[PDB]
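Encoded as structure tokens, the structure appears first; notes follow it.
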Amino acid sequence: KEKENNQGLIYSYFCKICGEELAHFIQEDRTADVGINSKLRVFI
Amino acid sequence: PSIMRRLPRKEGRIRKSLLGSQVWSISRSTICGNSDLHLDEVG
Amino acid sequence: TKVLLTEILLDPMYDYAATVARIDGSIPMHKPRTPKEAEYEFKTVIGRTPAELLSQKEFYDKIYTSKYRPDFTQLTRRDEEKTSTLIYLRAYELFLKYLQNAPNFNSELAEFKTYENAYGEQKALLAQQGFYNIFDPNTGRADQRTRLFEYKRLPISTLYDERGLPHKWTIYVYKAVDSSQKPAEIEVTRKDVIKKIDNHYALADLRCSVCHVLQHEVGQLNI
Amino acid sequence: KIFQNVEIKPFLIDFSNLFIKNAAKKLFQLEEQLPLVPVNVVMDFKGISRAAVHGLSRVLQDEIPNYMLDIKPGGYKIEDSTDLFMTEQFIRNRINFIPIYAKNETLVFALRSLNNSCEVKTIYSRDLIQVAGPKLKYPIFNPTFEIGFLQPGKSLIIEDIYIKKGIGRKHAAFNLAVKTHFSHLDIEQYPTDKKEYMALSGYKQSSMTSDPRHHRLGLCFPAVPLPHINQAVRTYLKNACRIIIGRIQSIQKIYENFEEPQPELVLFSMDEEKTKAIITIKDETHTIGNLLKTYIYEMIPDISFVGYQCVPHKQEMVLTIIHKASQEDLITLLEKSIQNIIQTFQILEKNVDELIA
Amino acid sequence: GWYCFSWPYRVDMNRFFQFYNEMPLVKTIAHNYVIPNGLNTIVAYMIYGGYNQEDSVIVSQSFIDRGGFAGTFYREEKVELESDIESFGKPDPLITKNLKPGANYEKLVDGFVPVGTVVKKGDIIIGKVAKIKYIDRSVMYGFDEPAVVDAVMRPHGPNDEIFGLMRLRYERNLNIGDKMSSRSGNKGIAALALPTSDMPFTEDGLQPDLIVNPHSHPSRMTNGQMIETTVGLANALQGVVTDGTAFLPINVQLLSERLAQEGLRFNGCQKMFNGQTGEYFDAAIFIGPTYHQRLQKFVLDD
Amino acid sequence: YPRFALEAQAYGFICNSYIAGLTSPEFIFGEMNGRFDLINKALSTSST
Amino acid sequence: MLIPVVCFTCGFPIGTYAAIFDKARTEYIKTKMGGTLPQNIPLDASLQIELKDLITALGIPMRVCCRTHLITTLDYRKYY
Amino acid sequence: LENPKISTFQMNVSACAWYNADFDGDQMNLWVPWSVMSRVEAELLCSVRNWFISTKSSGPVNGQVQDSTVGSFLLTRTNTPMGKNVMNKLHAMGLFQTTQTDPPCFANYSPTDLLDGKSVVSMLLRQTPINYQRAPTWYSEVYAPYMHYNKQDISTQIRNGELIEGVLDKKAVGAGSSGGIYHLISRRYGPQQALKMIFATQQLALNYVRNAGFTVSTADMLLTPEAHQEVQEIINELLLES
Ligand SMILES: [Zn+2]
Ligand SMILES: [Zn+2]
């Protein structure tokens, strides 16, 4: 956050040693939220 | 929801994802008059 | 305590009571900067500590009540600003009574509504840019003169000649502006205007290509 | 004697009107003239091109340095300003456009308004307390402005109200003179009341052919102290002259360095012994370009071409001069034209000093 | 215009509050019931450089700086929580995961950016992390134009739970690309912004605020706008406000003669000079006060 | 206008000009033709 | 929300005579109002309220823009 | 555009004919090619000079619109309400200071010498000499009986770029004018050369108006009291026949 922004919106991280792009992050996948019969649920 | 419902209409697979396209490296803005620009130039 | 403060600080009732308390100086004019100032403002405005608000059961019974109790019976019609102050104070007092379900409330509400309607009439008097009406000099009021079309049954001689045929105004008659120019008049068709007419001539009148009469002399026909 | 027959007239309040008298006396307890009044100055110029007069007018309008009142960042105290309607943008827009006649950039004011009443209280400009700088022996702005208004039980605290310097072109709050009259006295005019001539300008010579050299220019200044009007207006006029000269002298430093490669001057040797000079200067207006074109054209009647194209979206003035001489002779003629401009505005300085007593 | 008299008490989305409004010099009966929205801009009906062609207008820069059609534009940020999973607070780099690249978390104070600071693109205005160590579901300010945090509050929703409400304010002036319109339906886009010394001026010093092409009229036949300028020009000198409600008796011949009685010309045109050159036009130019209104179509949002 | 009116004004004949102003019946007839321009302009996009 | 400090068009210091022009105007209207409710003033169809001489006595010049903005500007205090 | 306060896509008004666009609030897309293959093809195939001539109607698309159509008429008009339509050397040079072409030579002119609009237009059309002779839109036999047309304004003739006589208006310089000035230049010198002359002739038309003026007022629409009686007397004849 030394540089708040260079007026250009970026979605990727870069290496501090050389500047190479490490990876990118836009949004969390959030699809494993649905993990694994109304009857046993209703019973519990 | 069905597999074949994705195809038909304007917001369908064919007319929105195949015949049309969302693209990067593009800009949009209101146009304006400028009499100092050539006909083949854009401000 | 946090949930109670968050609920009450967002109540417009609290802000209005706080403004009334600020007017006469019961609380500082500046909003609290530290939790102690917020607690003091709550104690002065609501009238009960947030800890003791959760213990007992009322809420509206002890909300601030303005210090100066002016005489609102002069609201029965340095006077005008005092009237505005009375309007504000009575509005607060009546709102507080409405919150508390005070007896004998609707009649006083109607009376103060009439008073505030009169005050609003005065305020609307203060809020006039002005108005003007362009008077007709012949009359003494708003101009009625217009350039609108007015129907009038023209004589039939304007459309048909003495032999019943329709008029065809298609001959342009041009007369010389100065006397020395000759010939005196030239009669041309629309196709021949550019080839025979210069600025030394002016369009006098049209002519019918059937009965050969001038348009301005159409009234000489026997109707 | 280029500049003669100047007349100066202040704009004063007529207290013979009962309505204005009563309103002022019961609002501000005002019974005599305000400390700062607008002043209309009408000036007659003879034997001078309309390019120079119009450039002087433009400089006096929005190219002369001027002072306004501005709020430093963080001056608007959010901790204390409880009013919900007097936003920072509105109040600072009000403050920036108050006409001031300042002495130095050190004065710092403050606006501390507390509303202990039950009615909306109007914050006027008399509620600006000077908190830093030497104490004022005469007000720098009128106390009758309406800065804002506070709802009952609200407050408005603003600190660090300082004096900021700038030119009127960048921001309109630095504008100095407002136009009130401009005419040519050496061109006859039609009576435009007649329906035959009401569609024309009125002058009997077309602007495509006329070259007037006897003008009348009338400008109004918004804030001048009553007992020193002739001292203020004169100063303003003189100021304008220096500014123009200064700007012209900048171009005079370009032509002097035509031997070395200079970015703002480009010289070409065309065919038929023709030479071309292109002068590109950034952040210049039509004033300098028009003056340069007019004086080069006067100096070289048989010039091949001259133009001062000022481009809006390029923020620059490009002066193109094509003439059938060599580079050295062209530069000599350009320096002569610049010297003519300088001496003309020096004569304007002298006439301004001589006229206004 | 004044979109609501209780604007400071409201946290609204995409709302513009124009500071200055004027009653038209030629008002109607509709202004007895609603507040007029616009200004009596001095409009010149002339060809000036070709920048007002094809339904464009030329706007005085000085008119913009003085507050003409200027106001504040509001946006809101309403963020909700998951009950006992998420929370409001500043994340830390060494625990929280997948923080947004090129963000700015240092402006947060107890989870929210303090009121009065300027938030620009890439700044995190609301801090929010979900406890799994932590995952960062923060809210970032994705707008090119910088805003100012106007109001921050933590109300309780219908489910008795805290959600974050933030109001962001934008200082909006009239800039190139903003759409303006007259009361006759002749809308236009601001094309050029000239200083006070480049605008044309009359012999008496009057200069336009807007310069509209004369070619906007003949095909659309907006005669009410031209009559309004003729009537409004005499109202200013006479110091009056007249009524121009539709179907009221008018006589343009008599209204034109009213201009001459006030010292003007019959046609309302005046001698004008070119501000850039100082050269007078060889034609009297029709200039006068025409009520213009700013349509809420901002180029900074489109 | 009355039933079985014979005058031409009752059937859309506008006797006035814009500079002179229209009456209420003339403005309604003008709005009848003006609305067609707006309707056909909308159709000139979808139908085309 | 108030009469501008300077004229929007040219920048003449309208604001320094604004407040007075407000209050004085009111009495003038009270002189010419006449048996009519205040909110019905712009519908009287018989009024001749002219403010030329008032603005002239204020010292403001005969500029179209300045008098237009002085007369026509709405005041937020009078509606809220 | 280096100005940070500009957020719009600015273009010449004569370029609106390609897109059927105007400035009432239209928005237009813009993407800059970055690939070498796509950047080559943009310059060679998709350049707007390739569609100066319409592939639909086989005629020109661009021209003067709404200010250089009436501006060219005033510039090429023979007589002005203030005498002959001439200008001195100083104002003749001022018409060429914006065209962005090479300036002509005014050395053979005294400061008091007068140049008419035909001479000024000629100095620009010498670069691409064409041959044109038609009747301008100014002349119309509908207006002929009630007007005194000038015999040097109803016949626009250009030979080898020299505007011999006539005025330039929608017929000659207007957009979409088949057989017009810019249609002939494109056929003989290329569509790119025609686009430069549209801009070049646009500046003379606009620079002429910088001190000639053009306006519309309410009195431009007002019939005289005597002519108003003639209009309703005509309408009464229609209602009499009806
Ligand atoms: Zn006949
Ligand atoms: Zn003004």
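Identifiers for the structure tokens are assigned positionally: chains receive A, B, ... in sequence, residues are indexed from 1 per chain, and ligands are indexed from 1 in the order shown.
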Quiz prompt | Shell of 6 Å around ligand 1 (only C-alpha atoms and all ligand atoms), written as a PyMOL selection string | solution = chain C and resi 161+166-168+208+210-211
Can you write out the residues you just picked, keeping N, CA, C and O atoms, as a CSV table (one decimal), in the first residue's frame?
chain,number,residue,atom,x,y,z
C,161,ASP,N,-64.7,34.2,-61.5
C,161,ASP,CA,-64.9,35.4,-62.3
C,161,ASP,C,-66.3,35.6,-62.7
C,161,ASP,O,-67.2,34.8,-62.2
C,166,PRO,N,-62.8,29.3,-62.4
C,166,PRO,CA,-62.0,29.6,-61.2
C,166,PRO,C,-60.8,30.5,-61.7
C,166,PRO,O,-60.4,30.5,-62.8
C,167,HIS,N,-60.3,31.3,-60.7
C,167,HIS,CA,-59.1,32.1,-60.9
C,167,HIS,C,-57.8,31.3,-60.9
C,167,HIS,O,-57.7,30.4,-60.0
C,168,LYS,N,-56.9,31.7,-61.7
C,168,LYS,CA,-55.6,31.1,-61.8
C,168,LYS,C,-54.5,32.2,-61.8
C,168,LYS,O,-54.1,32.7,-62.8
C,208,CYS,N,-54.6,36.9,-63.1
C,208,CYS,CA,-55.2,35.7,-63.5
C,208,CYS,C,-55.0,35.4,-65.0
C,208,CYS,O,-55.2,36.3,-65.8
C,210,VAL,N,-56.8,33.6,-66.9
C,210,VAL,CA,-58.0,33.2,-67.5
C,210,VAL,C,-58.9,34.5,-67.9
C,210,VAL,O,-59.2,34.7,-69.0
C,211,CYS,N,-59.2,35.2,-66.8
C,211,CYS,CA,-60.0,36.4,-67.0
C,211,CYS,C,-59.2,37.7,-67.1
C,211,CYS,O,-59.8,38.8,-67.4
Applying 12 Å and only C-alpha atoms, which residues near region 2-6 of chain A remain after dropping the ones on its own chain fewer than 4 positions away? List them as an mmCIF file with N, CA and C atoms, in the first residue's frame.
data_model
loop_
_atom_site.group_PDB
_atom_site.id
_atom_site.type_symbol
_atom_site.label_atom_id
_atom_site.label_comp_id
_atom_site.auth_asym_id
_atom_site.auth_seq_id
_atom_site.Cartn_x
_atom_site.Cartn_y
_atom_site.Cartn_z
ATOM 1 N N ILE A 10 -5.752 -3.186 -11.310
ATOM 2 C CA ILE A 10 -5.028 -4.429 -11.553
ATOM 3 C C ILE A 10 -5.630 -5.523 -10.681
ATOM 4 N N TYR A 11 -5.712 -6.737 -11.231
ATOM 5 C CA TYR A 11 -6.264 -7.888 -10.527
ATOM 6 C C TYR A 11 -5.213 -8.956 -10.244
ATOM 7 N N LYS E 100 -7.167 -8.056 -1.889
ATOM 8 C CA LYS E 100 -7.296 -7.563 -3.253
ATOM 9 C C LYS E 100 -5.995 -6.908 -3.707
ATOM 10 N N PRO E 101 -5.491 -7.237 -4.895
ATOM 11 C CA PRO E 101 -4.243 -6.625 -5.366
ATOM 12 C C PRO E 101 -4.387 -5.119 -5.529
ATOM 13 N N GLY E 102 -3.326 -4.400 -5.173
ATOM 14 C CA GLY E 102 -3.313 -2.955 -5.324
ATOM 15 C C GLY E 102 -4.374 -2.238 -4.522
ATOM 16 N N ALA E 103 -4.714 -2.751 -3.343
ATOM 17 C CA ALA E 103 -5.718 -2.129 -2.499
ATOM 18 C C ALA E 103 -5.053 -1.163 -1.520
ATOM 19 N N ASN E 104 -5.871 -0.532 -0.679
ATOM 20 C CA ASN E 104 -5.391 0.433 0.315
ATOM 21 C C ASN E 104 -6.223 0.234 1.581
ATOM 22 N N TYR E 105 -5.714 -0.590 2.494
ATOM 23 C CA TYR E 105 -6.418 -0.911 3.728
ATOM 24 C C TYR E 105 -6.100 0.039 4.873
ATOM 25 N N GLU E 106 -5.138 0.947 4.703
ATOM 26 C CA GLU E 106 -4.700 1.785 5.812
ATOM 27 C C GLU E 106 -5.676 2.905 6.142
ATOM 28 N N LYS E 107 -6.631 3.199 5.263
ATOM 29 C CA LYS E 107 -7.593 4.262 5.516
ATOM 30 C C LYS E 107 -8.752 3.822 6.397
ATOM 31 N N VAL E 119 -11.741 9.250 -0.743
ATOM 32 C CA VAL E 119 -11.469 7.882 -1.167
ATOM 33 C C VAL E 119 -11.398 7.847 -2.687
ATOM 34 N N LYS E 120 -10.319 7.282 -3.213
ATOM 35 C CA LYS E 120 -10.089 7.187 -4.646
ATOM 36 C C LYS E 120 -10.103 5.720 -5.068
ATOM 37 N N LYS E 121 -9.854 5.490 -6.354
ATOM 38 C CA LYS E 121 -9.910 4.142 -6.905
ATOM 39 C C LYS E 121 -8.861 3.249 -6.254
ATOM 40 N N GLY E 122 -9.277 2.046 -5.866
ATOM 41 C CA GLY E 122 -8.413 1.087 -5.220
ATOM 42 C C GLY E 122 -8.463 1.114 -3.708
ATOM 43 N N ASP E 123 -9.075 2.136 -3.120
ATOM 44 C CA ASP E 123 -9.164 2.238 -1.671
ATOM 45 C C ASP E 123 -10.250 1.316 -1.135
ATOM 46 N N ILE E 124 -9.972 0.695 0.006
ATOM 47 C CA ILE E 124 -10.939 -0.161 0.684
ATOM 48 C C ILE E 124 -11.753 0.723 1.620
ATOM 49 N N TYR E 141 -13.518 0.575 -3.370
ATOM 50 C CA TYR E 141 -14.086 1.691 -4.124
ATOM 51 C C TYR E 141 -13.613 1.609 -5.570
ATOM 52 N N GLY E 142 -14.451 1.044 -6.436
ATOM 53 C CA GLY E 142 -14.125 0.924 -7.844
ATOM 54 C C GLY E 142 -14.709 2.002 -8.736
ATOM 55 N N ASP E 144 -13.529 5.722 -10.970
ATOM 56 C CA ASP E 144 -12.403 6.535 -11.423
ATOM 57 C C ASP E 144 -12.356 7.872 -10.691
#
Exercise. For region 167-180 of chain H, list every protein, DNA or RNA residue within 8 Å, evaluated using only C-alpha atoms, and leave out those in the same chain fewer than 6 positions away; present the list as a PyMOL selection string.
Key: chain H and resi 14+17+59-65+69-70+72-73+76-78+132+134-138+153-156
Exercise. Identify all chain A residues at most 12 Å from chain E by counting only C-alpha atoms; ligands do not count. Present them as a VMD selection string.
Key: chain A and resid 1 to 14 21 to 30 33
Quiz prompt | Test item: residues no farther than 7 Å from ligand 2, counting only C-alpha atoms and all ligand atoms, as a PyMOL selection string | solution = chain G and resi 7-12+63-66
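For the set F:21, F:16, F:1, F:10, the residue with the smallest atom-to-atom gap to chain E is F:21, counting only C-alpha atoms.
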Self-check item: Residues within 12 Å of residue 73 (chain C), only C-alpha atoms, excluding chain neighbours under 2 positions, as JSON, numbers by chain
Solution: {"C": [69, 70, 71, 75, 76, 77, 83, 86, 87, 90, 108, 111, 112, 115]}
Exercise. Please give the complete set of residues from chain B that DSSP, run on the backbone, assigns to strand (DSSP E or B), formatted as number ranges by chain.
Key: B: 27-33, 42
Can I get the selected residues back with C-alpha atoms, as a CSV table (one decimal), in the first residue's frame?
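Result file follows (selection-v5.csv):
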chain,number,residue,atom,x,y,z
B,27,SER,CA,-13.8,2.2,-24.2
B,28,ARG,CA,-17.2,4.0,-24.3
B,29,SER,CA,-18.0,7.7,-23.8
B,30,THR,CA,-20.3,10.4,-24.9
B,31,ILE,CA,-19.3,12.0,-28.2
B,32,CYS,CA,-18.7,15.7,-28.7
B,33,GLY,CA,-18.1,18.2,-31.5
B,42,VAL,CA,-10.9,11.3,-33.1
Quiz prompt | Picked from chain F by DSSP as helix (DSSP H, G or I), as an MDAnalysis selection string | solution = chainID F and resid 8:11 24:46
Please save C-alpha atoms of the selected residues as a short mmCIF file (atom, residue, chain, number, x, y, z; two decimals), in the first residue's frame.
data_model
loop_
_atom_site.label_atom_id
_atom_site.label_comp_id
_atom_site.auth_asym_id
_atom_site.auth_seq_id
_atom_site.Cartn_x
_atom_site.Cartn_y
_atom_site.Cartn_z
CA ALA F 8 -63.01 22.30 -41.81
CA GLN F 9 -61.57 23.25 -38.40
CA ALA F 10 -63.33 20.28 -36.79
CA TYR F 11 -61.32 17.83 -38.93
CA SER F 24 -56.73 24.19 -27.70
CA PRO F 25 -58.44 22.20 -30.52
CA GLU F 26 -55.58 22.98 -32.91
CA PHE F 27 -52.98 21.86 -30.36
CA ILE F 28 -54.84 18.58 -29.79
CA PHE F 29 -54.92 17.89 -33.54
CA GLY F 30 -51.24 18.83 -33.73
CA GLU F 31 -50.53 16.41 -30.88
CA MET F 32 -52.41 13.69 -32.77
CA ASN F 33 -49.99 14.05 -35.69
CA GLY F 34 -47.02 14.69 -33.40
CA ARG F 35 -47.60 11.45 -31.50
CA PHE F 36 -47.39 9.49 -34.76
CA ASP F 37 -43.84 10.76 -35.30
CA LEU F 38 -42.83 9.44 -31.88
CA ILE F 39 -44.59 6.12 -32.45
CA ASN F 40 -43.14 5.58 -35.93
CA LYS F 41 -39.67 6.55 -34.71
CA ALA F 42 -39.87 3.80 -32.10
CA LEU F 43 -41.04 1.33 -34.75
CA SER F 44 -38.27 2.46 -37.12
CA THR F 45 -35.83 0.64 -34.80
CA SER F 46 -37.56 -2.62 -33.84
#
Contacts of region 219-232 of chain H at 9 Å (only C-alpha atoms; same-chain gap of 5+ positions) as a PDB file with C-alpha atoms, in the first residue's frame:
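Final output, result_8.pdb:
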ATOM      1  CA  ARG C 147     -52.462  37.766 -34.196  1.00  0.00           C
ATOM      2  CA  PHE C 149     -56.763  33.765 -37.453  1.00  0.00           C
ATOM      3  CA  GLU C 150     -60.281  35.207 -37.626  1.00  0.00           C
ATOM      4  CA  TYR C 151     -62.801  33.670 -40.009  1.00  0.00           C
TER       5      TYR C 151
ATOM      6  CA  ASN E 223     -40.701  28.984 -31.513  1.00  0.00           C
ATOM      7  CA  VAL E 252     -45.140  38.689 -31.003  1.00  0.00           C
ATOM      8  CA  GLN E 253     -45.468  41.937 -32.959  1.00  0.00           C
ATOM      9  CA  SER E 256     -41.100  42.959 -30.224  1.00  0.00           C
ATOM     10  CA  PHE E 266     -37.073  45.799 -32.358  1.00  0.00           C
ATOM     11  CA  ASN E 267     -35.599  42.369 -33.141  1.00  0.00           C
ATOM     12  CA  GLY E 268     -33.657  42.052 -29.875  1.00  0.00           C
TER      13      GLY E 268
ATOM     14  CA  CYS F  15     -55.633  27.966 -39.406  1.00  0.00           C
ATOM     15  CA  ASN F  16     -52.884  29.451 -37.208  1.00  0.00           C
ATOM     16  CA  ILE F  19     -45.477  32.246 -34.354  1.00  0.00           C
ATOM     17  CA  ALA F  20     -49.113  33.265 -33.762  1.00  0.00           C
TER      18      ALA F  20
ATOM     19  CA  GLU H 237     -60.255  31.695 -49.645  1.00  0.00           C
TER      20      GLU H 237
END
Practice problem: Using only C-alpha atoms, select each residue of chain E with any atom at most 6 Å away from an atom of chain B, and give the selection as a VMD selection string. | Solution: chain E and resid 50 to 51 191
Preceding selection exported with N, CA, C and O atoms as a PDB file, in the first residue's frame:
ATOM      1  N   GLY E  50     -17.824  26.898 -34.948  1.00  0.00           N
ATOM      2  CA  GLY E  50     -18.247  25.571 -35.343  1.00  0.00           C
ATOM      3  C   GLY E  50     -18.203  24.529 -34.251  1.00  0.00           C
ATOM      4  O   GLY E  50     -18.250  23.333 -34.559  1.00  0.00           O
ATOM      5  N   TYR E  51     -18.100  24.935 -32.988  1.00  0.00           N
ATOM      6  CA  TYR E  51     -18.094  23.991 -31.880  1.00  0.00           C
ATOM      7  C   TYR E  51     -19.486  23.684 -31.350  1.00  0.00           C
ATOM      8  O   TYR E  51     -19.628  22.782 -30.518  1.00  0.00           O
ATOM      9  N   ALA E 191     -19.930  21.327 -25.325  1.00  0.00           N
ATOM     10  CA  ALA E 191     -18.848  20.956 -26.227  1.00  0.00           C
ATOM     11  C   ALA E 191     -17.545  21.690 -25.948  1.00  0.00           C
ATOM     12  O   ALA E 191     -16.476  21.072 -25.976  1.00  0.00           O
TER      13      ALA E 191
END
Practice problem: Quick one: pull the distance between CA of residue 335 (chain D) and CA of residue 302 (chain D), Å, one decimal. | Solution: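 Here the two named atoms are 17.4 Å from each other.
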Quiz prompt | Residue list for chain C near chain H as a count of residues only, 12 Å, only C-alpha atoms | solution = 44
Practice problem: Skip residue 84 (chain D) itself and residues of its chain fewer than 6 positions away, then list as a PyMOL selection string all residues within 10 Å of it, counting only C-alpha atoms. | Solution: (chain D and resi 150-151+154-156) or (chain E and resi 6-9)
Self-check item: Residue neighbourhood residue 236 (chain D), 12 Å, only C-alpha atoms, exclusion window fewer than 6 positions, as an MDAnalysis selection string
Solution: chainID D and resid 39 41 56:57 59:61 63:66 101 176:177 219:221 223:224 229:230 242:243 349 352:353 356
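Using only C-alpha atoms, the nearest neighbour of residue 202 (chain E) within the list E:279, E:301, E:22, E:84 is E:279.
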